[PDB]
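Protein chains in written order, with the numbering used here: chain A, 1 to 182; chain B, 1 to 153.
See below:
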């Protein structure tokens with residue numbers, strides 16, 4: 001069910017145990033290019049990726065871009081840095097939620113939400129470029145996350161060729177992360 | 001052989017574990033680790049703690065080399081300190097976690113003199129928690145070696 005990408009072996013060994021008590025199948029990984037090729041394989045069937053921001057072979061935010069945006073997958077950001085700046089960088093790079101080290105056991109129950117929201121959909125992906133996503137999060141946070149509704153989020157981005165149900169399902173995907181901001 | 005001796009060992013182990021929390025050496029994250037250890041995962045706390053020791057022994061050796069360089073490379077100093085913060089914060093070694101936070105304050109300022117004092121405090125806090133956790137595990141093995149048993153809910 002869950003691929004976990006973390007170069008910290010202790011945090012990896014703990015988080016695998018915690019996810020297993022929540023009854024997830026767990027696969028470990030410690031290189032971002034390794035996790036990418038693992039996800040690339042056909043029929044791999046991974047439901048959620050949890051990935052650290054700190055990654056030795058890739059910018060771990062660019063890893064969030066590859067798993068969150070280029071692939072239509074829920075990636076959950078993970079970091080022992082707490083700052084508001086790091087949390088905002090998760091949304092703005094395609095992550096769907098975040099976990100702060102040390103990982104709360106309670107925080108792990110809230111991630112089951114993101115796979116079930118994923119399972120509401122072999123059928124075609126819709127891929128967002130990183131910049132188009134970054135102005136989507138620009139529009140909703142300028143609009144107010146409560147106030148931001150598919151009509152005005154598209155009316156503020158002003159992207160020719162962007163429809164409202166692109167925005168409607170993108171609001172569906174990132175609602176939870178953007179509400180947690182502010 | 002005394003049954004009474006195993007009784008003392010149980011109390012001493014009990015009181016010792018209590019003292020690690022009350023003295024601030026371990027925080028509630030360590031109690032979370034003990035709560036992930038059950039009949040099916042009976043050595044989990046020992047195994048996590050031993051891995052934390054191997055990784056952190058490497059990180060401190062690497063920081064001691066990095067800070068001893070003639071031109072300190074904070075691109076190589078900083079991510080070690082960051083891993084050790086999450087490393088120690090995830091097993092509950094609270095004084096180590098906090099000492100790494102102050103260390104990160106001085107890589108961010110690139111203050112090498114402060115970084116040397118920070119590495120000395122982090123080493124001192126790690127060797128403290130390493131002594132305590134190893135004492136904890138030795139006390140348990142002594143109980144088993146007496147023919148005893150730790151109930152482990």
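Here a beta-carbon is modelled for each residue, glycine too, at the ideal position from N, C-alpha and C.
Rounded to the nearest angstrom, the gap between the Cα atoms of residue 178 of chain A and residue 91 of chain A is 7 Å.
For residue 86 of chain A, the closest alpha carbon among the candidates A:105, A:60, A:108 is that of A:60.
Distance from the CA atom of residue 126 of chain A to the CA atom of residue 96 of chain A, rounded to whole angstroms, is 16 Å. Taking C-beta separations shorter than 8 Å and ignoring five residues to either side along the sequence, the partners of residue 151 of chain A in its chain run 164, following chain order. Beyond the five residues adjoining it in sequence on each side, residue 53 of chain A comes within less than 6 Å, by CB distance, of 60, 79 in the same chain, given in chain order. Beta-bridge pairing by DSSP links residue 96 of chain A to no other residue. Considering only B:127, B:42, B:147, B:43, the residue with the shortest C-alpha distance to residue 2 of chain B is B:147. Using a Cβ-Cβ cut-off of 8 Å, residue 76 of chain A does not count as an interface residue toward chain B, since no Cβ of chain B sits closer than that to its own.
Using a Cβ-Cβ cut-off of 7 Å, residue 79 of chain B is close to 54 of chain A, given in chain order. When C-beta atoms of the stretch 21-30 of chain B are compared with those of the stretch 116-136 of chain B, three or more pairs fall below 8 Å, so the two segments count as touching.
Using a 10 angstroms sphere on the CB of residue 158 of chain A, the tally of other CB atoms stays under 16, which defines it as exposed. In this chain, the beta strand (DSSP E) harbouring residue 27 of chain A covers 26-29.
Shortest Cα-Cα distance from residue 166 of chain A to any of A:133, A:146, A:143 involves A:133. Using a CB distance cut-off of 8 Å, residue 85 of chain B counts as an interface residue toward chain A.
Just measuring C-alpha positions, the residue of B:144, B:110, B:98 sitting nearest residue 71 of chain B is B:110. In terms of CA proximity to residue 47 of chain B, A:12 leads the group A:65, A:107, A:12, A:145. Cβ neighbours of residue 109 of chain A within its own chain (closer than 7 Å, five residues either side excluded): 22. Secondary structure note for residue 167 of chain A: its alpha helix (DSSP H) is the uninterrupted segment 164-180. Neighbours of residue 55 of chain B in chain A, taken as residues at a C-beta separation under 9 Å, are given in chain order as 8, 9, 10. The distance from the Cβ of residue 18 of chain B to that of residue 142 of chain B is about 18 Å, inconsistent with a contact at the 8 Å cut-off. Residue burial annotation: residue 148 of chain A is buried, with at least 16 other C-beta atoms found within 10 angstroms of its C-beta. A check of alpha carbon separations from residue 136 of chain B across B:7, B:15, B:6 identifies B:15 as the nearest. Chain-ordered, the chain A residues with CB closer than 8 Å to the CB of residue 91 of chain B read 10, 14. For the pair residue 123 of chain B and residue 11 of chain B, the Cα-to-Cα distance works out to about 31 Å.
Sixteen is the threshold: since fewer than 16 other Cβ atoms of the shown chains lie within 10 Å of the Cβ of residue 83 of chain A, the residue is exposed.
Cβ-Cβ distances below 8 Å link residue 115 of chain A to 1, 47, 48, 74 in the same chain, with the five nearest sequence neighbours on each side left out; the list follows chain order. Residue 73 of chain A sits in coil when the DSSP states are folded into three classes, being neither helix nor strand.
Listed in chain order, the non-local C-beta contacts of residue 44 of chain B below 6 Å within the same chain comprise 36, 37, local neighbours out to five positions each way being set aside. Residue 15 of chain A sits buried, since 16 or more C-beta atoms from the chains shown fall within 10 Å of its C-beta.
Apart from sequence neighbours up to five positions away, the residues of its chain that approach residue 13 of chain B with a beta-carbon distance below 7 Å are 139, 140, 143, ordered along the chain. Annotated three-state conformation of residue 25 of chain B is coil, per DSSP. For the pair of segments examined, the stretch 71-89 of chain B was found not to touch the stretch 26-46 of chain A: the number of CB pairs separated by less than 8 Å stays below three. Interface annotation for the stretch 103-114 of chain A against chain B: 105, criterion Cβ-Cβ distance under 7 Å.
Using a Cβ distance threshold of 8 Å, residue 97 of chain B and residue 105 of chain B do not count as a contacting pair. Neighbours of residue 80 of chain A in chain B, taken as residues whose beta carbon is under 7 Å from its own, are 82, 85, 86, 89 in chain order.
Contact check for residue 105 of chain A and residue 18 of chain A: beta-carbon distance about 6 Å, within the 8 Å limit, so the pair qualifies.
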